[PDB]
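Data block for my_file_5.cif (mmCIF, C-alpha atoms and all ligand atoms):
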data_final
loop_
_atom_site.label_atom_id
_atom_site.label_comp_id
_atom_site.auth_asym_id
_atom_site.auth_seq_id
_atom_site.Cartn_x
_atom_site.Cartn_y
_atom_site.Cartn_z
CA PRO H 1 -15.27 -3.79 -3.85
CA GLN H 2 -11.78 -4.90 -4.83
CA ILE H 3 -11.12 -4.51 -8.54
CA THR H 4 -8.53 -6.29 -10.66
CA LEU H 5 -7.08 -4.68 -13.77
CA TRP H 6 -6.94 -7.46 -16.39
CA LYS H 7 -9.98 -5.74 -17.83
CA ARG H 8 -10.87 -2.05 -18.01
CA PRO H 9 -12.16 -1.02 -14.56
CA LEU H 10 -15.70 -0.05 -15.58
CA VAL H 11 -18.59 0.56 -13.21
CA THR H 12 -22.19 1.70 -13.50
CA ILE H 13 -23.01 5.24 -12.42
CA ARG H 14 -26.31 7.05 -12.03
CA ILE H 15 -26.45 10.75 -12.78
CA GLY H 16 -29.28 13.12 -13.54
CA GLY H 17 -31.42 10.07 -12.85
CA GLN H 18 -29.79 8.17 -15.72
CA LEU H 19 -27.45 5.16 -15.74
CA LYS H 20 -24.11 5.20 -17.53
CA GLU H 21 -20.87 3.26 -17.88
CA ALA H 22 -17.75 4.90 -16.49
CA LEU H 23 -14.05 4.08 -16.16
CA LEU H 24 -12.31 4.38 -12.77
CA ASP H 25 -9.27 6.41 -13.79
CA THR H 26 -6.53 7.15 -11.24
CA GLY H 27 -4.52 9.07 -13.84
CA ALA H 28 -7.27 11.63 -14.41
CA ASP H 29 -7.30 14.70 -12.15
CA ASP H 30 -10.92 15.43 -12.98
CA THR H 31 -14.11 13.66 -14.05
CA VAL H 32 -15.29 14.03 -17.66
CA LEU H 33 -18.45 12.59 -19.22
CA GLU H 34 -19.49 12.29 -22.86
CA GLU H 35 -21.71 15.03 -24.28
CA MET H 36 -25.00 15.10 -22.39
CA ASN H 37 -27.45 17.44 -20.70
CA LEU H 38 -27.08 18.41 -17.08
CA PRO H 39 -29.27 20.80 -15.14
CA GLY H 40 -27.63 23.97 -13.88
CA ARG H 41 -25.22 26.66 -15.02
CA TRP H 42 -21.99 25.59 -16.70
CA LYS H 43 -18.72 27.39 -17.42
CA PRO H 44 -16.40 26.77 -20.38
CA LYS H 45 -13.18 25.05 -19.34
CA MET H 46 -10.18 23.46 -21.00
CA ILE H 47 -8.37 20.32 -19.90
CA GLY H 48 -5.44 18.50 -21.42
CA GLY H 49 -4.20 14.97 -21.72
CA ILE H 50 -2.29 12.91 -24.23
CA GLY H 51 -3.06 14.15 -27.72
CA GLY H 52 -3.69 17.71 -26.60
CA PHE H 53 -6.34 19.96 -25.09
CA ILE H 54 -10.12 19.92 -25.39
CA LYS H 55 -12.90 22.37 -24.53
CA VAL H 56 -15.44 21.18 -21.98
CA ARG H 57 -18.41 22.37 -19.94
CA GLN H 58 -17.91 22.42 -16.19
CA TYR H 59 -20.88 21.61 -13.96
CA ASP H 60 -20.32 22.22 -10.27
CA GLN H 61 -21.62 20.29 -7.27
CA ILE H 62 -23.35 17.49 -9.20
CA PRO H 63 -24.64 14.47 -7.26
CA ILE H 64 -23.50 11.17 -8.70
CA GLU H 65 -23.75 7.61 -7.55
CA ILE H 66 -20.70 5.59 -8.45
CA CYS H 67 -21.20 1.85 -8.12
CA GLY H 68 -23.45 2.36 -5.11
CA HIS H 69 -21.27 5.00 -3.42
CA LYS H 70 -22.33 8.63 -3.21
CA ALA H 71 -20.27 11.64 -4.26
CA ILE H 72 -21.01 15.31 -4.99
CA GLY H 73 -18.50 17.29 -6.99
CA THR H 74 -17.38 18.90 -10.23
CA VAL H 75 -18.27 17.11 -13.44
CA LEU H 76 -16.93 18.01 -16.86
CA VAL H 77 -18.85 17.17 -20.05
CA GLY H 78 -17.29 17.21 -23.49
CA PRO H 79 -15.93 15.29 -26.50
CA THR H 80 -14.31 12.36 -24.70
CA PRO H 81 -14.23 8.76 -26.08
CA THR H 82 -15.52 7.40 -22.80
CA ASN H 83 -16.85 8.50 -19.41
CA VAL H 84 -14.05 8.98 -16.87
CA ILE H 85 -14.35 9.22 -13.09
CA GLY H 86 -11.26 11.07 -11.89
CA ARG H 87 -9.51 11.60 -8.56
CA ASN H 88 -11.82 14.42 -7.53
CA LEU H 89 -14.67 11.90 -7.11
CA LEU H 90 -12.59 8.76 -6.43
CA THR H 91 -11.33 10.27 -3.17
CA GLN H 92 -14.91 11.04 -2.15
CA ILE H 93 -15.67 7.32 -2.19
CA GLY H 94 -12.50 6.38 -0.30
CA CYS H 95 -10.89 4.78 -3.33
CA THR H 96 -7.26 3.64 -3.05
CA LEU H 97 -4.61 1.81 -5.04
CA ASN H 98 -3.21 -1.36 -3.49
CA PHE H 99 -0.49 -3.89 -4.29
CA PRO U 1 1.54 -0.48 -0.29
CA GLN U 2 -1.70 1.50 -0.26
CA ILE U 3 -1.73 4.63 -2.41
CA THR U 4 -4.21 7.43 -1.69
CA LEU U 5 -5.56 9.66 -4.47
CA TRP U 6 -5.44 13.08 -2.79
CA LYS U 7 -2.47 13.67 -5.08
CA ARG U 8 -1.48 12.13 -8.40
CA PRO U 9 -0.42 8.54 -7.70
CA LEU U 10 3.25 9.08 -8.58
CA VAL U 11 5.78 6.30 -7.89
CA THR U 12 9.43 5.69 -8.73
CA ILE U 13 10.26 3.33 -11.59
CA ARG U 14 13.45 1.89 -13.03
CA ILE U 15 13.80 1.33 -16.77
CA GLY U 16 16.88 1.25 -18.97
CA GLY U 17 18.92 1.71 -15.81
CA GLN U 18 17.30 5.09 -15.23
CA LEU U 19 15.07 6.10 -12.32
CA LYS U 20 11.92 8.04 -13.14
CA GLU U 21 8.61 9.16 -11.67
CA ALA U 22 5.54 7.54 -13.22
CA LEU U 23 1.80 7.78 -12.69
CA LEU U 24 -0.11 4.62 -11.71
CA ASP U 25 -2.95 4.95 -14.20
CA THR U 26 -5.89 2.53 -14.08
CA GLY U 27 -7.45 4.26 -17.08
CA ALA U 28 -4.53 3.61 -19.40
CA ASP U 29 -4.55 0.31 -21.32
CA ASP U 30 -0.88 0.67 -22.25
CA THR U 31 2.26 2.12 -20.70
CA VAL U 32 3.53 5.38 -22.20
CA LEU U 33 6.87 6.92 -21.33
CA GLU U 34 8.36 10.30 -22.15
CA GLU U 35 10.79 10.37 -25.08
CA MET U 36 13.92 8.32 -24.36
CA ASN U 37 16.25 6.47 -26.72
CA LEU U 38 16.08 2.82 -25.72
CA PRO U 39 18.15 0.32 -27.72
CA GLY U 40 16.37 -2.33 -29.76
CA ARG U 41 13.86 -2.64 -32.56
CA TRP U 42 10.42 -1.06 -32.36
CA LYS U 43 7.26 -0.72 -34.40
CA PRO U 44 5.41 2.56 -35.08
CA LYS U 45 2.02 3.01 -33.42
CA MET U 46 -0.85 5.40 -32.74
CA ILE U 47 -2.51 5.78 -29.36
CA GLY U 48 -5.45 7.94 -28.45
CA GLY U 49 -5.84 9.92 -25.27
CA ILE U 50 -8.12 12.81 -24.30
CA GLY U 51 -6.74 15.41 -26.74
CA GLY U 52 -6.35 13.12 -29.75
CA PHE U 53 -3.75 10.67 -31.08
CA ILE U 54 0.02 10.80 -30.82
CA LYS U 55 2.59 8.75 -32.70
CA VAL U 56 4.68 6.52 -30.44
CA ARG U 57 7.35 3.86 -30.70
CA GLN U 58 6.50 0.44 -29.33
CA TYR U 59 9.19 -1.61 -27.60
CA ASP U 60 8.45 -5.16 -26.44
CA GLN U 61 9.68 -7.19 -23.47
CA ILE U 62 11.19 -4.32 -21.54
CA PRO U 63 12.20 -5.02 -17.90
CA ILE U 64 10.77 -2.38 -15.60
CA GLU U 65 10.81 -2.11 -11.82
CA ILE U 66 7.80 -0.36 -10.33
CA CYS U 67 8.15 0.90 -6.78
CA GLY U 68 10.34 -2.10 -6.06
CA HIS U 69 8.23 -4.70 -7.86
CA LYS U 70 9.48 -6.23 -11.10
CA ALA U 71 7.46 -6.46 -14.28
CA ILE U 72 8.21 -6.86 -17.96
CA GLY U 73 6.13 -5.98 -20.97
CA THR U 74 5.29 -3.66 -23.83
CA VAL U 75 6.24 -0.01 -23.40
CA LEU U 76 5.33 2.86 -25.72
CA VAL U 77 7.75 5.78 -26.08
CA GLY U 78 6.68 9.20 -27.33
CA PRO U 79 5.89 12.88 -26.64
CA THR U 80 3.78 12.41 -23.52
CA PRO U 81 3.65 15.10 -20.82
CA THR U 82 4.17 12.42 -18.15
CA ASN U 83 5.22 8.80 -17.74
CA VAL U 84 2.19 6.54 -17.46
CA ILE U 85 2.00 2.99 -16.17
CA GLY U 86 -1.06 1.31 -17.67
CA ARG U 87 -2.94 -1.88 -16.85
CA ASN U 88 -0.61 -4.12 -18.89
CA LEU U 89 2.00 -3.59 -16.18
CA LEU U 90 -0.28 -2.91 -13.20
CA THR U 91 -1.65 -6.44 -13.37
CA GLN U 92 1.88 -7.79 -13.10
CA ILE U 93 2.55 -6.28 -9.67
CA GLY U 94 -0.89 -7.36 -8.48
CA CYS U 95 -2.28 -3.83 -8.30
CA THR U 96 -5.96 -3.45 -7.36
CA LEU U 97 -8.48 -0.64 -6.97
CA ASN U 98 -10.24 -0.70 -3.59
CA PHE U 99 -13.24 1.04 -2.01
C1 LIG S 101 -2.93 4.63 -23.35
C2 LIG S 101 -3.23 6.13 -23.08
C3 LIG S 101 -2.24 6.53 -22.16
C4 LIG S 101 -3.00 6.86 -24.37
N1 LIG S 101 -4.59 6.26 -22.53
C5 LIG S 101 -5.31 7.35 -22.16
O1 LIG S 101 -4.88 8.54 -22.25
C6 LIG S 101 -6.67 7.13 -21.61
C7 LIG S 101 -7.64 7.52 -22.73
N2 LIG S 101 -9.13 7.38 -22.38
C8 LIG S 101 -10.01 7.75 -23.51
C9 LIG S 101 -9.89 6.88 -24.76
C10 LIG S 101 -10.44 5.53 -24.80
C11 LIG S 101 -10.36 4.64 -25.97
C12 LIG S 101 -9.65 5.25 -27.11
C13 LIG S 101 -9.08 6.56 -27.14
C14 LIG S 101 -9.20 7.40 -25.94
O2 LIG S 101 -8.53 6.67 -28.42
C15 LIG S 101 -8.67 5.48 -29.33
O3 LIG S 101 -9.40 4.65 -28.36
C16 LIG S 101 -9.41 8.26 -21.26
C17 LIG S 101 -8.57 7.99 -20.01
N3 LIG S 101 -7.12 8.03 -20.42
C18 LIG S 101 -6.33 7.77 -19.17
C19 LIG S 101 -5.87 9.05 -18.56
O4 LIG S 101 -5.80 8.52 -17.25
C20 LIG S 101 -4.47 9.58 -18.83
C21 LIG S 101 -4.00 10.89 -18.19
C22 LIG S 101 -2.48 11.21 -18.64
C23 LIG S 101 -1.97 12.53 -18.01
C24 LIG S 101 -1.83 12.69 -16.54
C25 LIG S 101 -1.36 13.95 -16.00
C26 LIG S 101 -1.02 15.06 -16.93
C27 LIG S 101 -1.17 14.88 -18.39
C28 LIG S 101 -1.64 13.63 -18.92
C29 LIG S 101 -4.89 12.13 -18.62
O5 LIG S 101 -5.42 12.30 -19.79
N4 LIG S 101 -5.00 12.99 -17.63
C30 LIG S 101 -5.72 14.24 -17.67
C31 LIG S 101 -7.24 14.23 -17.51
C32 LIG S 101 -8.24 13.33 -17.88
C33 LIG S 101 -9.60 13.59 -17.61
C34 LIG S 101 -10.01 14.82 -16.91
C35 LIG S 101 -9.05 15.82 -16.49
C36 LIG S 101 -7.69 15.57 -16.76
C37 LIG S 101 -6.36 16.25 -16.54
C38 LIG S 101 -5.30 15.18 -16.55
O6 LIG S 101 -5.14 14.49 -15.32
#

As structure tokens, how would this structure be written, given the file I've shared?
Amino acid sequence: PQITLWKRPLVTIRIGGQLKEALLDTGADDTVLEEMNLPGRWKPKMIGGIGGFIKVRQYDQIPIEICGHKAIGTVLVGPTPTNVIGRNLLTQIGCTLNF
Amino acid sequence: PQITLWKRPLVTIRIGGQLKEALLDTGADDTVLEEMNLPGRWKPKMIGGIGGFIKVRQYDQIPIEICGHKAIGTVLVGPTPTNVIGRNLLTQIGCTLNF
């Protein structure tokens, strides 16, 4: 798909067998989802952005379908305003910026 | 050009006669630049990012050249760890997300 940016670049994702709305975010190094339950062992991690740092749970090697494309990588879960798919997964689906 | 996401999508920009490095961020609604004293009037504003809200100064109709392409729009100035080009400017240079 080719996506314009006049509107937030949101796509549907399926994870843990559940559907969710996520934002394709080229400025995010990692992927972070709102608080939710994921199977598997998690490790406490901290990530920072604008506003400061937050504490999150890191789940490794999680399968996730992003708008029909398949990826398997690290997924962070914590107090974020919205689900964000970062560069770690975006590259897995051959996502690029063009103009 | 086509920008890959293996690394942060950093490009050179020109604003206020100064050259800077800025991140092409599809997840940012607005454009936020590191502290710099631009001439002109501005209005106070609050923007939220991952770690909370930060107070910024909003300047309107600022000419900015992104990787050679010209654009003009609202730019927020404040204590951000990096310069961020949001969708308000990305749509002006015809930037798209592709996969
Ligand atoms: C207009 C601003 C700029 C304030 N927008 C954002 O920060 C939005 C916020 N939403 C959320 C939002 C939505 C709506 C809101 C709100 C916040 O507040 C009020 O309304 C979540 C997505 N971000 C976009 C991020 O792409 C920005 C990016 C900035 C950055 C890059 C590099 C170093 C420091 C800061 C960012 O936060 N990046 C970090 C990042 C992000 C995720 C996972 C790992 C990492 C590390 C790092 O790359």

How would you report the residues lying within 6 Å of ligand LIG 101 (chain S), as a ChimeraX atom specification, if you count all atoms listed in the file? /H:25,27-32,47-50,81-82 /U:25,27-30,32,47-50,81-82

Report task. Would you mind telling me which residue in H:73, H:63, H:79, H:40 lies nearest to chain U when using all atoms listed in the file? Result ->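 Residue with the minimum atom-to-atom distance to chain U: H:79.
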
Pairwise distance, CA of residue 54 in chain U with CA of residue 23 in chain U, equals 18.5 Å

> Counting only C-alpha atoms, what is within 12 Å of residue 18 in chain H, bar same-chain residues fewer than 2 positions away, as a ChimeraX atom specification?
Replying inline: /H:12-16,20-21,36-38,63-66

Take the selection from the previous step and output its residues with C-alpha atoms, as a PDB file, in the coordinates of the input.
ATOM      1  CA  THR H  12     -22.190   1.700 -13.500  1.00  0.00           C
ATOM      2  CA  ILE H  13     -23.010   5.240 -12.420  1.00  0.00           C
ATOM      3  CA  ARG H  14     -26.310   7.050 -12.030  1.00  0.00           C
ATOM      4  CA  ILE H  15     -26.450  10.750 -12.780  1.00  0.00           C
ATOM      5  CA  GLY H  16     -29.280  13.120 -13.540  1.00  0.00           C
ATOM      6  CA  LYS H  20     -24.110   5.200 -17.530  1.00  0.00           C
ATOM      7  CA  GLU H  21     -20.870   3.260 -17.880  1.00  0.00           C
ATOM      8  CA  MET H  36     -25.000  15.100 -22.390  1.00  0.00           C
ATOM      9  CA  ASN H  37     -27.450  17.440 -20.700  1.00  0.00           C
ATOM     10  CA  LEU H  38     -27.080  18.410 -17.080  1.00  0.00           C
ATOM     11  CA  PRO H  63     -24.640  14.470  -7.260  1.00  0.00           C
ATOM     12  CA  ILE H  64     -23.500  11.170  -8.700  1.00  0.00           C
ATOM     13  CA  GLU H  65     -23.750   7.610  -7.550  1.00  0.00           C
ATOM     14  CA  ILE H  66     -20.700   5.590  -8.450  1.00  0.00           C
TER      15      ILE H  66
END

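One distance worth recording is that between CA of residue 75 in chain H and CA of residue 91 in chain H, which is 14.2 Å.
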
Practice task
Select residues of chain H: the criterion is any atom within 7 Å of an atom of chain U, counting all atoms listed in the file; output as a ChimeraX atom specification.
Solution key: /H:1-6,23-27,48-54,80,87,91,93-99

From the set U:62, U:11, U:71, U:77, which residue has the shortest atom-to-atom contact distance to residue 33 in chain U, counting all atoms listed in the file?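 Answer, going by the shortest atom-to-atom distance: U:77.
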
query = So what do you get for CA of residue 44 in chain U versus CA of residue 60 in chain U, distance-wise?
reply =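 Those two atoms sit 12.0 Å apart.
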